[PDB]
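Provided below as structure tokens are two forms of one protein chain, presented individually as structure 1 and structure 2.
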Structure 1
């Protein structure tokens, strides 16, 4: 990298330690031209926040996982492929607007529930049956009554 003082396009690396407790790499660099030393930090930049799953396992944001769940609930429903992509881009925008490096998968689920509530109410019931995990048939009718309010 460019020397921050003289501006030689290349500096030699002097040291490499894991100072951010694994999260970051600290390096020392020396300029060949002006013989000056400087510290650098190498940090990871995520395109989308990492997802914290129900079992506290961290995994990368998977657009396909998000899409498939919606498409399953929107089977035989009058929602175009554009409406789905339009809802996915808005959910992505909402997860970025939090500013968080990681987001609970429950948050992704609630965002999908709000898109489906606007898109199709049958698709909403289908997704809620697996998302909220209805363990009884009664649970189905109780979620329909919840939607009338």
Structure 2
């Protein structure tokens, strides 16, 4: 009984795309009874590791905390949201790849820096300025000299 509108058991499937670099399956189902079509998300029953914050406190992985940081650094940058979601899926993929119960907050940060360098070099400097907490304006020139390698 997959239909949520008329509550009919059989629901025919139309499409089956692979989103999130293979982490989940998006399907385009439609019920035979009513003329209503909807989307479904088949995801694997595994957990993203816990985050080991700067103050050694463990916290559940929140992809929105990760995303918001990136969007603040990308403020007026011409980087599409599909590229951002691709970078977020790749960082999650690499976090899963460790096979650890928990990952430090510093590891997530470095993986974002790794994506932002590819996405936008201005946005990368904006992120590093707060991520690495710049205490002098000279820290900006040092990150640029580091990036012109």
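C-alpha atoms forming the largest set that superposes within 1.5 Å between two forms make up the rigid core. Residue numbers count along the first chain shown, from 1. Shifts are known only where both forms have a C-alpha.
- Relative to the superposed core, residue 57 undergoes a Cα shift smaller than 2 Å between the two structures.
- Core-aligned CA deviation for residue 135 between the two structures: less than 2 Å.
- Interdomain rotation between the two structures (smaller rigid part relative to larger, C-alpha based, rounded to whole degrees) is 178°.
- Taking the core as the fixed frame between the two structures, we note the C-alpha of residue 8 moving 31.9 angstrom.
- Listed alone, the one run of 3 or more residues present in both forms whose C-alphas shift by at least 2 angstroms between the two structures, with the core superposed, is 1-46.
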